[PDB]
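One protein chain, two forms: both are listed below as C-alpha cells, the first as structure 1 and the second as structure 2.
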Structure 1
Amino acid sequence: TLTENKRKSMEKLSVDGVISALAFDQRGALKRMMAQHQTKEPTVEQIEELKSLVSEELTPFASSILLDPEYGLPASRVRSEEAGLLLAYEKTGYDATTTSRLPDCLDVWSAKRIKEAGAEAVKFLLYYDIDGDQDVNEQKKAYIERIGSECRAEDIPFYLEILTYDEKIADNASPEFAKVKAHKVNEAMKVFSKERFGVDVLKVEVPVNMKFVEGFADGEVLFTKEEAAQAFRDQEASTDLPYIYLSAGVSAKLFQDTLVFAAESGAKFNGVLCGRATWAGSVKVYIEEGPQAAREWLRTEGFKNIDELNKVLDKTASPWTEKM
C-alpha cells in the first residue's frame, strides 16, 4: 500500500517497476578512494565536481541517482530530466573506537528539508548486527522508527540501507564473516520489514560473499552453488518489501554475474543502487588527469559499465509493481 504521492515518487525513481539507480552519496568512502592517489586532502570543489561529472554523464542511463546533501546538490541539478533523485540523510561512517556504530542524521537536515531539496526519496544507512548488544539495537530501532514516521508525514519514500557487521569480527571480507553473512543480512531484513519502521524499499547486501562460492571463488571455497542459492531464497523469504542490491564495490563483472545468480536462484529483487562497481575507475583518472579526462572516462569506460549492468538488470530484476 503506497499513498498517491509515494507511488508517484517511486515511479520517478524507476522504469517499469525496476530501480536502475546510480549511487554517488559516498563521502567517507569516496575520500578513502581519493587518498589512494594523492597525498593532499581532497577539496570541497573537487568532491562537488566529480559528483557533478558523474551525474551529468551517466544519469541519462539510470532511472535515478542517489546523492548526498553535503557535496551533491550541484550534481543533483545537472541530472538527466528523465532521472529521479534520492538524497542521503545519515552522517557518513562510524566511530571505530567502539562497536556500536550508532546512526546519526545530518545536523541541519530533516525529511521535510530533503523533500524541499527536490528529492523523490529519503535514503538512510544503518549499520546493524542482529546478534549484537540488545540495548544498542533498541536505540537503532527507535531511531529508524522516527525516520519512518517523518517520511510518512512528508509523504516521501523511505529507502533504508542496511550494512551488516559483527561486533567481534574486524573484517567483513574474511571467511569468518562470510560464514555468518546470510544470517546477518536476512534476519536484519526481517526486522526492518516490520510495519512500525515505515520502510518503502530496502537497500541491502547480497546474502553471500560470492568470492567463496563454488564457481566464483579464486581461492578457498566455503559454499556450494546450491548453498549460495539457498541464501538467496532465504533472503526472498525474509521480506515482502521491494528490495534492491548494493554493489559494495566489487568488480562490475562480479556484480553482474551475482545478479544473474540471484535471479536464477529465485530472488525477486527489484533493482540496484550501484555506484562504485560502475564509476570506481573515474576517481583515479580524475585525480591524476583531471576533469576532462574523467569526463572521457565516463563517456567510455563509465558508459560501458553502466550499459552492461542495465542489460543484466533487464534480464534479472523483477518489478516492484508486483510486490503490491
Structure 2
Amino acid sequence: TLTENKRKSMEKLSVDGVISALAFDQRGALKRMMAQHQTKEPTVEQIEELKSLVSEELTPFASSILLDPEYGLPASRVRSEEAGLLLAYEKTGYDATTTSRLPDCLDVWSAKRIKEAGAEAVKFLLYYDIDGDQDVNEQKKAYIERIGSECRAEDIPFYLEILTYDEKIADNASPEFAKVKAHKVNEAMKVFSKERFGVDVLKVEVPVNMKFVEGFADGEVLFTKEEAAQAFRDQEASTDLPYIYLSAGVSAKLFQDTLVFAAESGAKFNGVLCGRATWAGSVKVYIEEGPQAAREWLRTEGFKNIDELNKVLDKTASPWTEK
C-alpha cells in the first residue's frame, strides 16, 4: 500500500524507518515569539532569516524538516542534503468566535505546487472534535478526502496532523479536557485511518495529558500510570498507519519522558515532528545578539537539544517499515 515514489519519499524523510523531523512551519506563533524582545513589528526578513539559521544548523541531525511555504522556502533551500522536506498546506489558526475550526488550504498552493517546490510530503493540520457538530465534521471529512486524492495523483506522501478539541471546553489544558482527551485523540485517528482519506502518516497528540498522570504530575492527579498506559495501547490499536507524536504544552524533558513511557506501555510510534523546544532559546538570542551568536547557540545548545532527543528516539521509536 505504498507506491514506489511514496516509499522513496518516506525514506528521504526518515532514518532506518524512524522519523526524527524538525518542525518549523510556525508563522503567527513564531511572529509573536519574536516581538517579545525587539520594538517595532518583526520584518519578513527576520522571519525568513532565523528559519534559515535553524534549518542550516540543525537539519544535519534531523531526518527531515517541516516548513511553511509562505516564509520557509528560503530556509528549505539551505537544509542539509541528507534531510527531507515537508511543506505545510493549511492556513494557520482558527476563528475563536466559532467552534467549527474549519480547514482551509493556502490560497495559491496545491499538492502539485508543493511537490514542485521540492517537498517530499504534503502536511496538513486539521482541528477535529469527534463529538462536535455532525455537519461540520462531514465538511471536514470531505475536505481531507480531496487532499488525500491530490496527494495520490501527485504521488507524494500525505502527513495529516490532527489536533483535538471540544466545542464546549475552552481550555485544552484543563482537567476537564484531560478526562476526554483519550476519546478525542484515538477516535479521530480511527476515522482518518480509513482508506478513503489517503493518509500516509498521522501526526497526533499523545492520548493523555501527562501533567495529570501519577509520577508525572506537579499537582492534581487524575490517572494512574496504568490508566495512562492503556490510553497508549488504545492509541496503538486505533490505526495501522505509521504515526508520529507532536509536542504540545509540555517541556522538552517531559516530552522525552513521555516517549519513554509511551514505548514502555506498548505504543509503536514511528517518530516525532517536534520543534519549538529545540530552537526555543535561539529566538531571543537572534533578536538580541548577532545572528552569528544564534549560530553558535544552535551549534551548541541547539545541537544538545536535538541530540538528546535523538538518543531517546533510538530507544523508543519503532520503524515505520514494521507496518
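By rigid core we mean the largest C-alpha set that fits within 1.5 Å across both forms. When a residue number appears, read it as a position in the sequence of structure 1, where counting begins at 1.
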{"property": "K31: Cα shift of 2 Å or greater between the two structures (core-aligned)", "result": "yes"}
{"property": "Yes/no, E288 Cα shift of 2 Å or more between the two structures with rigid core fixed", "result": "yes"}
{"property": "Large Cα move at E41 between the two structures, threshold 2 Å, rigid core", "result": "yes"}
{"property": "Cα shift between the two structures at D240, which is computed once both forms share a superposed rigid core (Å)", "result": "0.3"}
{"property": "Core superposition result - C-alpha of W297, shift between the two structures, Å", "result": "2.1"}
{"property": "Core-aligned CA shift between the two structures for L50 (Å)", "result": "1.3"}
